[PDB]
Number of protein chains: 4
Amino acid sequence: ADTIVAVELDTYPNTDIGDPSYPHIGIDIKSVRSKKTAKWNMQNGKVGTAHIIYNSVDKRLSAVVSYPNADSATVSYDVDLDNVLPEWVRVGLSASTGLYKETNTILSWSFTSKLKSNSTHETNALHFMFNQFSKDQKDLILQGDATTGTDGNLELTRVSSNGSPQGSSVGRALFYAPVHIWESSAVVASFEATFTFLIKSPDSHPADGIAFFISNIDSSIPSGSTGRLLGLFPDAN
Amino acid sequence: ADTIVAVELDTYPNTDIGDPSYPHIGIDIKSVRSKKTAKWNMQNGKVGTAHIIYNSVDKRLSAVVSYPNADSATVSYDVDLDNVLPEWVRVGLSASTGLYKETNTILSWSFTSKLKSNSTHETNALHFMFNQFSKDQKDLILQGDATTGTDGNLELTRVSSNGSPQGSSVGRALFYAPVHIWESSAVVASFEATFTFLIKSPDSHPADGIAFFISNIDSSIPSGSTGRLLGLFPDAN
Amino acid sequence: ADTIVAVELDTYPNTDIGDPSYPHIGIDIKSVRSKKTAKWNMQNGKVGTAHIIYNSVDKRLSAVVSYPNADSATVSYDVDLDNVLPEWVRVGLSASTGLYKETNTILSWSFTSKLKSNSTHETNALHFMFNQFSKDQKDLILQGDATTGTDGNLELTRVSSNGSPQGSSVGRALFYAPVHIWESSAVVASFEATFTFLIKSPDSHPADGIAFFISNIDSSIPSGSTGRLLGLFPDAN
Amino acid sequence: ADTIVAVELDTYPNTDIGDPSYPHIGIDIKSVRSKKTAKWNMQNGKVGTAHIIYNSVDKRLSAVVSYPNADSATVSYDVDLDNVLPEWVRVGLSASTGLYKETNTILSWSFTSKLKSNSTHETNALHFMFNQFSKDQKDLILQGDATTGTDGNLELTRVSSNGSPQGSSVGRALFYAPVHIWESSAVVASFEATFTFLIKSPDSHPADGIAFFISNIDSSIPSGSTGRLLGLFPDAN
Ligand SMILES: [Ca+2]
Ligand SMILES: [Ca+2]
Ligand SMILES: [Ca+2]
Ligand SMILES: [Ca+2]
Ligand SMILES: [Mn+2]
Ligand SMILES: [Mn+2]
Ligand SMILES: [Mn+2]
Ligand SMILES: [Mn+2]
């Protein structure tokens, strides 16, 4: 199967697969059963921003999520990603709905990867920033139900013509170019990712959440990865 | 055939297709017959740097090329690229040799594309910087004779095991991801490209040169585009 | 007196000093009498964005201004700034009111200056981005009526406790560090500036406007430069 | 006295103030007695590169130093800089010599500070990159023996006309603009610094080293801070 590292914004507590009894931010290393979570005071229908940072010196994957006029939630997990992920990866956004549902709308997404070598000319870099998505976004790979170009946004899960979210939906967007996250001469490897999201549900109990993920380059949506599996995992192991 | 816009560093004067009687920098719009050239005091075996700039407000494609301890050469041409190129493109480096030959070695290459919309969140961006090339550079498309990973460089044309350039060679490298250079809501579109190169020949008359180019995304090496055609053009029209 | 280069967003037509009979964007070289203007469909109370670009290859100072859901206005003027401005400058924002008035509120401001030399290690750069201004912004020089920290904004002209603009007010903010815009080894010098602004007036005829300017480092508010002189010029010559 | 946080490249072991018995990289928090060191295989007369990273989520100050064709040295120390440093600081480079001596030559220096707020428009940033230093570098504060413009380099300590280093010398360069490293609305604060250096001595035992430091804005060279005190500290406590 695929190799996955993800930061999850998990809107629905599935306590039988180790979720805490509240919406939470989590670090997922090859399992939907997060290695670390923190309470997340998710706001139905408010635009939020998530930040993800890592570097190969500290070997610590960290995330922060906030809303305007609100406190942040943060989570960190000590992991060496050179030991988890292959040398080349793709980076993406994933979302799902199940019998509970929500919009999984992405208004912006940026990513920066840097490899500094021991050469005097040391810096290797990739950066993209999306603030507008077009109907035909050729530098994204769209998987499952994901679409681009509605109000210049990326809709990771199915929305009817009237902004209403559909249940039992899964969709992903991967940046077209593979990303080099380890190189033999690199003395420092870093990455940062930012996305702004709008999770809106007509219901008191939205599901299931949004993840920023890093995968093997040929990564696809696992069968049956709607709902609690966030379009990342084939099962709940 | 392909649609090509290129800045050429043309090392060999072909006066029957309009080259001046010296090495020169030129702007090529859909023809190897440059729309503008400037004299270039090319240095056999010295590391050089070329810069290319454009923006959709000024509609002027400009290039500068220098060496350490030397004056620059510059050329500009008034062109609206929205009228020449499609909305999505690939960006690349091309080189050739013929019966005269040279190394077409790329030590570094960076590219930045920015689309600013009339949204308050206006900026869309792509950036890459290569200072080291690996044997397996998955974010480059290599065409014809181009290779990566010799001394951490990109060799656009065939070199023997002993750094010696081969004649009748053509090779290109395109960035894997397509680049969005026009968008309906963009109020300013800009791009800049930089590459450092080493053109070395055992001969007094090196050929044929290096080009930075922008093309339709499915662009390939035209048949018979060795030598004076720089791996860009099927003929000299 | 001071040496000034400015892009003006001029909200009030003073037809006796050459303004056109409408709000306009203009390029000012050492005179409030713009060298070039374009019609500007200014929107009372809407957040707008201005972009300013220049490079020493093209020697063309260009600006664009838009609002969400509106067309842009653009103006360009061929000028070599190496011939107008000294080698070191300060960059700033200026605004005024007179007997007619408006808020001159700056919500964000960014500036990037780059000097590329003919060295292999060629790039010299300055960049700042302000999205929040604090009550004590030590990296800004505030002149005249300018203040920082109200709603995290920069107020270039006097506002009462209730957001109401005061007449006969002039204020400027300069970035604390001097900026190097020419260097003897530079082969390309570029700069870009962006600011988002909110110009709001209880009146049908707001005055007087906002300017992005570049000056000698010791630049101060000229005496009597309220109203039509935009805090830039001592007189209307 | 001043408040100092520094990464030291300490070329001379002073074992009575806790140096290890070899050249080393260290993290200094308000004391020349490093909180953490690592062995550094310093190369007399070779150009080296140091990288320094920190963020307020991880609260870990990390450095790496290498040469071309050599392994890196790295050191990290868990510290919250919001608890050590004031909200506004200046960033600089410091070097010294004593009865043992070396050149303390800086060929390039870059710094990036970012404060991300919980606003949708969240990013505040400062960046500079120096690859060439001019005789009159108005955006640097030079203290003690530091000079700019010899071979386009920054010489932190006295060099005779013939590149020969002088003993008993101390010099610093601070970026002119104060840097905002904490803000009440910031959800993530990060900084990175890079400098390339050339430490050359006619002697088998060079002294005393180079430091990247962060200080109170009015920071000056302490009396008697030549040699082992690196121009940072008034004493060895
Ligand atoms: Ca869940
Ligand atoms: Ca030719
Ligand atoms: Ca006017
Ligand atoms: Ca020591
Ligand atoms: Mn969970
Ligand atoms: Mn030619
Ligand atoms: Mn005017
Ligand atoms: Mn020490």
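Atom set for the values below is all heavy atoms of this structure, side chains included, hydrogens, waters and symmetry mates excluded. Per chain, numbering begins at 1; letters A, B, ... match sequence-line order.
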Nearest-0.5 Å distance, NE2 of residue B:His51 to CG of residue C:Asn55: 12.0 Å
Among all residues two or more places apart in sequence or in another chain, which pass the side-chain hydrogen bond (donor to acceptor under 3.5 Å, both in side chains) test with C:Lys35? none
In terms of heavy-atom contacts, C:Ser62 and B:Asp58 come closest through OG-OD1, 2.8 Å
Would you name the heavy atoms of B:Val187 and C:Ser72 that are closest together and state the gap between them? CG1-OG, 3.0 Å
Could you pull out the closest heavy-atom pair between C:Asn69 and B:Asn118, with the gap in Å? N-ND2, 3.4 Å
Going by ring-ring contact (aromatic ring centres under 6.0 Å, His included), name the residues that satisfy it together with B:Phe212, two or more places apart in sequence or in a different chain. none
Applying a strict 4.5 Å limit to non-hydrogen atoms, the region of B:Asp71 in contact with chain C is neither
Compare all side-chain heavy atoms of B:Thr194 with those of C:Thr123 and state whether any distance is below 4.5 angstrom. no
